[PDB]
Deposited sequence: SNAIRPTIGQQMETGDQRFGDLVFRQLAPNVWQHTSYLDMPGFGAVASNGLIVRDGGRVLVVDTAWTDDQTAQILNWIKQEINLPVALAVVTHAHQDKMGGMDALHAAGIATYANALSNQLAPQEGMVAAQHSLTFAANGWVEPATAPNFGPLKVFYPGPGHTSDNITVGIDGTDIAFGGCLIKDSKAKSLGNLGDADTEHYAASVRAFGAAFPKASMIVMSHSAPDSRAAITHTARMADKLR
């Protein structure tokens, strides 16, 4: 029981947090989740939709329902369900942020790079100078897992942490696409994400409904069998 704007579905997770869900037409439609965060008088979004058109529908839904200007956008890694709608963000005049590796990989992965590059310390935390005015967005690089450039976002003030494609649901039987995955360090990266946000009770991911942090330990267990 949630909203729908065009081909997208929006679900409220917190008083000022929404989950946008788009689908890719192909062995059937595939869902992909992202976040919409209201920070005071501005809106922060995480990940684009599969396409530019679907991404433009996110921004028009935001304008209709929240009526706040989108300050910045942050994508997690260079894939089409994260970075497919980069052209829509730039056309909407939104500052975009990504992992420096993601922006470097973007042309090779057939994506459009973000305007800014995020860098990370040895512990995985974003260099604050590269991420100005992120508000409640706590960005963390857990290490190579689903991709070598996958990053995660936590939301301060809430019980929500976004894992992206790094995290699968607790009832999952597989890890999805492992075509560009690092199987050796996948498990340690998952557990690092769990340690980065130790108080998160709601774990949002790309290809499932929001779950508890049992999804973290479960994903780690499936990743151990690739070591």
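Residues 1-14, 41-42 of the deposited sequence have no C-alpha coordinates in the model.
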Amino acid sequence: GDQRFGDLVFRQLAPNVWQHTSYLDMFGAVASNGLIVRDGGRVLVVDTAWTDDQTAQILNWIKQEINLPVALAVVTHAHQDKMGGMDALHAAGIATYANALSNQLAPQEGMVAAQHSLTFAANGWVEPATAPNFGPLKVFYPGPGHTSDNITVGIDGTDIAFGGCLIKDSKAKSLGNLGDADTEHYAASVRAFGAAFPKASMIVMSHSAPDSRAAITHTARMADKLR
From here on, numbers count along this sequence of modelled residues.
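As the entry records it, the average C-alpha temperature factor is higher for 88-96, out of 135-143 and 88-96. Annotation for 170-178 versus 57-65: the higher mean temperature factor (C-alpha) is found in 170-178. Set against one another, the Cα B-factors of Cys165, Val190, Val70, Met202 in the record reach their highest point at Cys165. As recorded in the PDB entry, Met83 shows the highest C-alpha B-factor of the residues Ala121, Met83, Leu118, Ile151. Per the deposited record, the Cα B-factor of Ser22 falls in the middle third when ranked against the other modelled residues of its chain. Annotation for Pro128: C-alpha temperature factor in the lowest third relative to the rest of the modelled chain, per the entry.
Split the chain's modelled residues into thirds by C-alpha temperature factor. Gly34 is in the lowest one.
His207 sits in the highest third of its chain by CA B factor, as recorded in the PDB entry. Residue-level temperature factors show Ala196 in the middle third of its chain, judged at the C-alpha atom.
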